[PDB]
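Data from run_18.pdb: PDB, C-alpha atoms and all ligand atoms
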```
ATOM      1  CA  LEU A  14      83.362 110.677  91.591  1.00  0.00           C
ATOM      2  CA  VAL A  15      84.202 113.997  93.261  1.00  0.00           C
ATOM      3  CA  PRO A  16      87.446 115.868  92.544  1.00  0.00           C
ATOM      4  CA  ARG A  17      88.742 115.857  96.151  1.00  0.00           C
ATOM      5  CA  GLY A  18      88.139 113.209  98.788  1.00  0.00           C
ATOM      6  CA  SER A  19      87.141 110.451  96.380  1.00  0.00           C
ATOM      7  CA  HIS A  20      89.948 108.146  97.558  1.00  0.00           C
ATOM      8  CA  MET A  21      89.440 106.110 100.723  1.00  0.00           C
ATOM      9  CA  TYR A  22      93.040 106.545 101.788  1.00  0.00           C
ATOM     10  CA  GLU A  23      95.349 109.293 103.020  1.00  0.00           C
ATOM     11  CA  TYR A  24      99.041 109.862 102.387  1.00  0.00           C
ATOM     12  CA  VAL A  25     101.149 109.652 105.546  1.00  0.00           C
ATOM     13  CA  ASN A  26     104.732 110.300 104.438  1.00  0.00           C
ATOM     14  CA  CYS A  27     107.822 108.978 102.672  1.00  0.00           C
ATOM     15  CA  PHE A  28     109.851 106.611 104.853  1.00  0.00           C
ATOM     16  CA  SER A  29     113.338 105.139 104.710  1.00  0.00           C
ATOM     17  CA  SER A  30     112.157 101.653 105.694  1.00  0.00           C
ATOM     18  CA  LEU A  31     109.082  99.742 106.816  1.00  0.00           C
ATOM     19  CA  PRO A  32     108.206  98.093 110.146  1.00  0.00           C
ATOM     20  CA  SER A  33     108.521  94.326 110.233  1.00  0.00           C
ATOM     21  CA  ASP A  34     104.737  93.820 109.959  1.00  0.00           C
ATOM     22  CA  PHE A  35     104.668  95.055 106.348  1.00  0.00           C
ATOM     23  CA  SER A  36     104.580  92.310 103.712  1.00  0.00           C
ATOM     24  CA  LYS A  37     104.718  92.494  99.928  1.00  0.00           C
ATOM     25  CA  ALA A  38     101.259  92.254  98.380  1.00  0.00           C
ATOM     26  CA  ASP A  39     102.272  92.353  94.737  1.00  0.00           C
ATOM     27  CA  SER A  40     104.576  93.525  91.994  1.00  0.00           C
ATOM     28  CA  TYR A  41     102.660  95.014  89.102  1.00  0.00           C
ATOM     29  CA  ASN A  42     103.374  96.604  85.743  1.00  0.00           C
ATOM     30  CA  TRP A  43     100.588  99.116  86.507  1.00  0.00           C
ATOM     31  CA  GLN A  44     101.317  99.710  90.193  1.00  0.00           C
ATOM     32  CA  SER A  45      99.629 102.768  91.691  1.00  0.00           C
ATOM     33  CA  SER A  46      98.242 104.025  94.968  1.00  0.00           C
ATOM     34  CA  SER A  47      94.698 103.048  94.002  1.00  0.00           C
ATOM     35  CA  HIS A  48      95.811  99.572  92.928  1.00  0.00           C
ATOM     36  CA  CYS A  49      97.733  99.030  96.161  1.00  0.00           C
ATOM     37  CA  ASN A  50      94.812 100.367  98.201  1.00  0.00           C
ATOM     38  CA  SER A  51      92.558  97.707  96.674  1.00  0.00           C
ATOM     39  CA  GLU A  52      95.150  94.989  97.282  1.00  0.00           C
ATOM     40  CA  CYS A  53      95.595  95.942 100.915  1.00  0.00           C
ATOM     41  CA  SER A  54      91.929  96.666 101.605  1.00  0.00           C
ATOM     42  CA  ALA A  55      91.179  93.086 100.564  1.00  0.00           C
ATOM     43  CA  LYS A  56      93.666  91.928 103.213  1.00  0.00           C
ATOM     44  CA  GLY A  57      92.154  94.094 105.936  1.00  0.00           C
ATOM     45  CA  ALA A  58      95.359  96.110 106.307  1.00  0.00           C
ATOM     46  CA  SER A  59      95.562  99.549 107.922  1.00  0.00           C
ATOM     47  CA  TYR A  60      98.492 100.922 105.874  1.00  0.00           C
ATOM     48  CA  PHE A  61      99.995 100.392 102.434  1.00  0.00           C
ATOM     49  CA  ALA A  62     103.354 101.364 100.982  1.00  0.00           C
ATOM     50  CA  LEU A  63     104.576 101.859  97.412  1.00  0.00           C
ATOM     51  CA  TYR A  64     108.162 101.007  96.473  1.00  0.00           C
ATOM     52  CA  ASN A  65     110.529 101.231  93.488  1.00  0.00           C
ATOM     53  CA  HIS A  66     107.948 101.897  90.764  1.00  0.00           C
ATOM     54  CA  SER A  67     106.122  98.574  90.902  1.00  0.00           C
ATOM     55  CA  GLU A  68     105.807  97.124  94.417  1.00  0.00           C
ATOM     56  CA  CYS A  69     102.930  97.267  96.913  1.00  0.00           C
ATOM     57  CA  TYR A  70     103.286  96.425 100.609  1.00  0.00           C
ATOM     58  CA  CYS A  71     100.545  96.110 103.224  1.00  0.00           C
ATOM     59  CA  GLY A  72     100.942  96.590 106.960  1.00  0.00           C
ATOM     60  CA  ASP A  73      99.164  97.229 110.232  1.00  0.00           C
ATOM     61  CA  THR A  74     101.418  99.715 112.074  1.00  0.00           C
ATOM     62  CA  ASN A  75     102.125 103.353 111.288  1.00  0.00           C
ATOM     63  CA  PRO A  76     105.789 103.736 110.232  1.00  0.00           C
ATOM     64  CA  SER A  77     105.731 107.178 111.869  1.00  0.00           C
ATOM     65  CA  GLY A  78     106.254 105.433 115.186  1.00  0.00           C
ATOM     66  CA  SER A  79     109.369 103.498 114.236  1.00  0.00           C
ATOM     67  CA  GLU A  80     111.016 104.547 110.946  1.00  0.00           C
ATOM     68  CA  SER A  81     112.755 107.696 109.756  1.00  0.00           C
ATOM     69  CA  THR A  82     111.261 109.844 107.037  1.00  0.00           C
ATOM     70  CA  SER A  83     112.861 110.299 103.630  1.00  0.00           C
ATOM     71  CA  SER A  84     112.898 112.864 100.839  1.00  0.00           C
ATOM     72  CA  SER A  85     113.763 110.296  98.143  1.00  0.00           C
ATOM     73  CA  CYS A  86     110.418 108.794  97.112  1.00  0.00           C
ATOM     74  CA  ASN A  87     111.326 109.527  93.506  1.00  0.00           C
ATOM     75  CA  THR A  88     110.405 106.424  91.440  1.00  0.00           C
ATOM     76  CA  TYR A  89     107.172 107.081  89.536  1.00  0.00           C
ATOM     77  CA  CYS A  90     104.296 104.604  89.691  1.00  0.00           C
ATOM     78  CA  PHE A  91     104.231 102.537  86.503  1.00  0.00           C
ATOM     79  CA  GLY A  92     100.428 102.734  86.483  1.00  0.00           C
ATOM     80  CA  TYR A  93     100.020 106.441  87.334  1.00  0.00           C
ATOM     81  CA  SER A  94     103.212 108.259  86.473  1.00  0.00           C
ATOM     82  CA  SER A  95     102.437 111.595  88.119  1.00  0.00           C
ATOM     83  CA  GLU A  96     102.440 109.829  91.517  1.00  0.00           C
ATOM     84  CA  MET A  97     105.528 108.394  93.161  1.00  0.00           C
ATOM     85  CA  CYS A  98     105.718 104.702  94.014  1.00  0.00           C
ATOM     86  CA  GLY A  99     108.295 105.220  96.720  1.00  0.00           C
ATOM     87  CA  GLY A 100     111.890 105.355  95.562  1.00  0.00           C
ATOM     88  CA  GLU A 101     114.690 102.867  95.020  1.00  0.00           C
ATOM     89  CA  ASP A 102     115.335 103.019  98.794  1.00  0.00           C
ATOM     90  CA  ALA A 103     112.209 104.693 100.152  1.00  0.00           C
ATOM     91  CA  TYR A 104     108.529 103.910 100.677  1.00  0.00           C
ATOM     92  CA  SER A 105     105.446 106.055 100.006  1.00  0.00           C
ATOM     93  CA  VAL A 106     103.140 105.195 102.905  1.00  0.00           C
ATOM     94  CA  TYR A 107      99.391 105.691 103.052  1.00  0.00           C
ATOM     95  CA  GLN A 108      96.682 104.947 105.607  1.00  0.00           C
ATOM     96  CA  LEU A 109      93.548 103.045 104.601  1.00  0.00           C
ATOM     97  CA  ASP A 110      90.247 104.441 105.852  1.00  0.00           C
TER      98      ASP A 110
HETATM   99 CL    CL B 201      93.563 121.091  96.303  1.00  0.00          CL
HETATM  100 CL    CL B 202      91.747 107.730  90.414  1.00  0.00          CL
END
```
Written as structure tokens, that's how I'd like the structure from this file.
Ligand SMILES: [Cl-]
Ligand SMILES: [Cl-]
Amino acid sequence: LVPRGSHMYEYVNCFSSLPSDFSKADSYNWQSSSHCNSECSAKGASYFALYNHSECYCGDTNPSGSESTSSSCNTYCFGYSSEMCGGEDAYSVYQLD
């Protein structure tokens, strides 16, 4: 739509783990940040997290307050390979608008 600001979500950080309020929304062969945003927006969630190429989690608390950051969000999103869907042991966390 526009080249910058078209996505109704903002990257927070890469985290080692998720707070207990995060729950798996889906596993998907075409997982991506925009797919997970739509999944979690439909649930009314405030945050979403990508994990290990294919998994999408939704949650309501900011992991910044409770989990350590990570530099190992290195598993590409199956549905958008230039973006990382967390890592094997790390979560790419975004905030929904
Ligand atoms: Cl830019
Ligand atoms: Cl897009």
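You can rank A:33, A:74, A:88, A:108 by their closest distance to residue A:20 using only C-alpha atoms, and at the top of that list sits A:108.
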Could you write out as a list in words the residues that the PyMOL selection byres (((chain A and resi 62) around 8) and not hetatm) matches in the shown file?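 Output from the PyMOL selection byres (((chain A and resi 62) around 8) and not hetatm), applied to this file: residues 49, 60, 61, 63, 64, 69, 70, 71, 99, 104, 105, 106 and 107 of chain A.
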One decimal, in Å: what's the spacing between atom CA of residue A:98 and atom CA of residue A:14?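 Going from atom CA of residue A:98 over to atom CA of residue A:14, I get 23.3 Å.
Residue nearest residue A:101 within the list A:66, A:75, A:83, A:34: A:66 [criterion: smallest interatomic distance, only C-alpha atoms].
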To check your reading of the model: which residues sit at most 10 Å from ligand CL 201 (chain B) when counting only C-alpha atoms and all ligand atoms? Write the answer as a PDB file with C-alpha atoms, in the coordinates of the input.
```pdb
ATOM      1  CA  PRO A  16      87.446 115.868  92.544  1.00  0.00           C
ATOM      2  CA  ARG A  17      88.742 115.857  96.151  1.00  0.00           C
ATOM      3  CA  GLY A  18      88.139 113.209  98.788  1.00  0.00           C
TER       4      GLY A  18
END
```
Grab me every residue within 12 Å of ligand CL 202 (chain B), counting all atoms listed in the file, and send it over as number ranges by chain. A: 14-22, 45-48, 50-51, 92-93, 95-96
Please provide the set of residues having any atom within 8 Å of residue A:41, restricted to all atoms listed in the file, with same-chain residues fewer than 2 positions apart removed, written as a short mmCIF file (atom, residue, chain, number, x, y, z; two decimals) with C-alpha atoms, in the frame of the given file.
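Ended up saving to part.cif:
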```
data_model
loop_
_atom_site.label_atom_id
_atom_site.label_comp_id
_atom_site.auth_asym_id
_atom_site.auth_seq_id
_atom_site.Cartn_x
_atom_site.Cartn_y
_atom_site.Cartn_z
CA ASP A 39 102.27 92.35 94.74
CA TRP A 43 100.59 99.12 86.51
CA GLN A 44 101.32 99.71 90.19
CA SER A 67 106.12 98.57 90.90
CA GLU A 68 105.81 97.12 94.42
#
```
With a distance cut-off of 6 Å and only C-alpha atoms, select the neighbouring residues of stretch 55-59 of chain A, excluding the residue or stretch itself and same-chain residues fewer than 3 positions from it, and output the selection as a VMD selection string. chain A and resid 52 72 to 73 108 to 109
Centre and size of axis-aligned box enclosing stretch 40-52 of chain A plus 6 Å each side, as lines of an AutoDock Vina configuration file:
```
center_x = 98.6
center_y = 98.8
center_z = 92.0
size_x = 24.0
size_y = 22.5
size_z = 24.5
```
Using only C-alpha atoms, pick whichever of A:36, A:54, A:65, A:110 has the shortest atom-to-atom distance to residue A:90.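 Checking each candidate against residue A:90, we get A:65 as the closest.
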